[PDB]
Structure formats: structure tokens, C-alpha cells
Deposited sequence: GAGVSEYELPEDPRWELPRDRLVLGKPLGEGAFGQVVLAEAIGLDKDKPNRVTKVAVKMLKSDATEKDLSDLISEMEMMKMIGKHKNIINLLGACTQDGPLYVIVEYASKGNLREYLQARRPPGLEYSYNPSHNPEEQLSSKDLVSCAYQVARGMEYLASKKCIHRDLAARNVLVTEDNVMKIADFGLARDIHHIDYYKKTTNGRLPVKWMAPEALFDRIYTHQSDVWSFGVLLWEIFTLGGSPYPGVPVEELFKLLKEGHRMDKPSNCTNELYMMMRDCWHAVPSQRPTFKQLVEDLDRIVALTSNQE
């Protein structure tokens, strides 16, 4: 078996497994020591049938990184684990409204008959919450390496939570040509120094955060639509920068451009971005 950790261990019989989200929705009974009769909706990460000892090592590594990083409102938090006498279950916060790309696309104005719409303030608030999560992760020396709307999850109460911050990635084993579930190329979020020289820093995460701002203000738009990997390289070498979204202020576009500084040292930090977004949220209208 695996070494037990009574900080985190939840008995297997307290976890009611549900539908697939390998991640499944579950109900945890008595997740809190001081509340044994409460059911909490949670997300449970586990191994598939075909999983190797590498796959199991990777899942343990992610869980250990989460214990190490500790709790923040704007990240997907570890809640517990089932490690003894059965398959490994890593129990994390459940975000009922899915990833931020989906959440934004679902709330586009009619064109599509959505039940809800977002104000300008709501969009900036989203950006602020992600910046604050990233400021926390950077403070714990965590480099995300794939910060994108697809890796931000939205809770029932519309809280933004950074996901997949603990993930094991062999960066020398990346397939630049492999597309996401949704058919997009993750290379389109990578800083040039990460992409060409495989150097990942908090500064390359700020570059990704610039692409994430662009996703927010396009309500889940696809960066460089129709651009293959070889053409993206030529664009980045030429110093191409994506156009300003409509319904994006000059100030937020300059923030995106600052995140996209060719010189990593000249990008704003997440600490900087949190302060600036805090000010902009307060001055942004929720009336449209």
C-alpha cells in the first residue's frame, strides 16, 4: 500500500462516488472532523484501469504538492484522500460551473439563448480572482506552466479556482502538436522563452495570464484560431501580439501587452497585477 497521512485520510465508506467529471463527482460525509453528519459535494481524482506505476507516481506527486502549497480561496484545494486498502482517491474541491472557457462561452450574449450574462465588473473580477490565486501559488514557489481559462474552474458561487497547479509535466516530453479535448494548441499560451528554450518561471506564467485576460475579454475566444504550431513560432519570432478584444478598455489591453513583454524581467508580477486589477474592479461599471 501507500504510507498513511492522518492529516488527510478519509475512510473509504464516507465517500459516495457519482458520475464522471479520471475525475468523478462524489459526496463526502463528515469531511470536517467537527461536522460528521454534513455531505459535501467533492471531486475525486483516481487512476484508470490502464494506469502504470508512472501514472500512480504522478498522482501521488500532485497530491503531495497540494499538501505542501496549502489553502487559498482561488485555487482548487485538497480536502482529503483515500490511500489505504483500495485504489488511491485524491479528494479536491468541486467547481459546479466547470472551466472558465465553458463558463464564459455559456454567458455570451444571444447569437445561443443563455440564462445569464456577465457585466464589465464581473469580467474584471474574474481576472482579479485568477491573479490572486496565481499570486498565492507564486508565493509558494509554484510555477503553473499551463495557465489558461481551461485550467480555471468556477464554483456554484462563481469563485475562480486555479486547477492542475500540482500536475507533474515532463517538459522535454511535450508534444507541441497534441490538441486539448476542445481542439486547441496549448503552445498558444506559452511564453517564447518557455516555448523555444524550455525555461518556465513565474514570468512565463504572467505571459500565460496575458493570454487568459484575452480569453476573458473575448468571453472564451480561441487564441490564434486556424494557426498551426510552425506558423505560431514565426508569429512569436516576429513579435506578433494579438489584437485588442472589443469590449476591452485600453487599460486592460495595455495590461495584456505588459504581460506579453518580450523581456521576462519587464513583465508585471502577479503581486502588481492583483493591485492594478483591485483598482480597476472598483472603477468598472456593473451596469452593462
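Chemist: Could you list, start to end, the deposited-sequence stretches with no C-alpha atoms?
Modeler: Gaps in the modelled chain, taken against the deposited sequence, lie at 1-7, 29-34, 125-132.
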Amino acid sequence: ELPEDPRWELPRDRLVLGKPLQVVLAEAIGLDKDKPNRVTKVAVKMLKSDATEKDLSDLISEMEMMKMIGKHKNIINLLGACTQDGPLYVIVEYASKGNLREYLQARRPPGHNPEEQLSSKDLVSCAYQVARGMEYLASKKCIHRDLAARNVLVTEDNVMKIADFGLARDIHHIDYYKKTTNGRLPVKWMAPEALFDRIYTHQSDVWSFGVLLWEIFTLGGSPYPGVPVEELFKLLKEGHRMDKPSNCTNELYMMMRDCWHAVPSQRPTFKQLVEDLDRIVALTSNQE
From here on, numbers count along this sequence of modelled residues.
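In this text, rigid core is short for the largest set of C-alphas that superpose within 1.5 Å between two forms.
Chemist: Aligning on the core, I want to see which stretch wanders more in 7 other deposited structures of this protein. Is it 219-227 or 259-267 by C-alpha RMS?
Modeler: The more displaced stretch in 7 other deposited structures of this protein turns out to be 219-227.
Chemist: Using the rigid core for superposition, please say which stretch has the greater CA deviation in 7 other deposited structures of this protein, 238-246 or 45-53.
Modeler: When 238-246 and 45-53 are compared in 7 other deposited structures of this protein, the bigger C-alpha shift is seen for 45-53.
Chemist: Among the other entries that model both neighbours of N113, does it go unmodelled in a third or more?
Modeler: Yes, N113 lacks coordinates in at least a third of the other compared entries.
Chemist: Are coordinates for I171 absent in a third or more of the other compared PDB entries?
Modeler: Yes.
Chemist: Quick one: say whether 86-94 or 122-130 has the higher mean Cα B-factor in the deposited entry.
Modeler: Between 122-130 and 86-94, it is 86-94 that shows the higher mean C-alpha B-factor.
Chemist: If you average the CA temperature factors over each stretch, which comes out higher, 49-57 or 218-226?
Modeler: Taking the mean B-factor of the alpha carbons in each, 49-57 is higher.
Chemist: Between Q203, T155, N182, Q105, which one tops the list for C-alpha B-factor in the PDB entry?
Modeler: When the deposited C-alpha B-factors of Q203, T155, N182, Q105 are compared, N182 is largest.
Chemist: Pick out which of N151, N77, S208, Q117 has the highest C-alpha B-factor in the PDB entry.
Modeler: The listed residue with the largest C-alpha B-factor is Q117.
Chemist: Using only modelled residues of the chain, where does the Cα B factor of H261 rank: lowest third, middle third or highest third?
Modeler: Lowest third.
Chemist: Relative to the other modelled residues in the chain, which third contains the C-alpha temperature factor of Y136: lowest, middle or highest?
Modeler: It falls in the bottom third of the chain.
Chemist: Taking the chain's C-alpha temperature factors as the reference, tell me which third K271 falls into: lowest, middle or highest.
Modeler: It belongs to the lowest third of the chain when residues are ordered by C-alpha B-factor.
Chemist: Against its chain's modelled residues, does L31's Cα B factor rank lowest, middle or highest third?
Modeler: Ranked within chain, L31 CA B lands in the highest tercile.
Chemist: Going by the recorded CA B-factors, say which third of the chain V159 sits in, lowest, middle or highest.
Modeler: Middle third - that is where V159 ends up once the chain's C-alpha B-factors are sorted.
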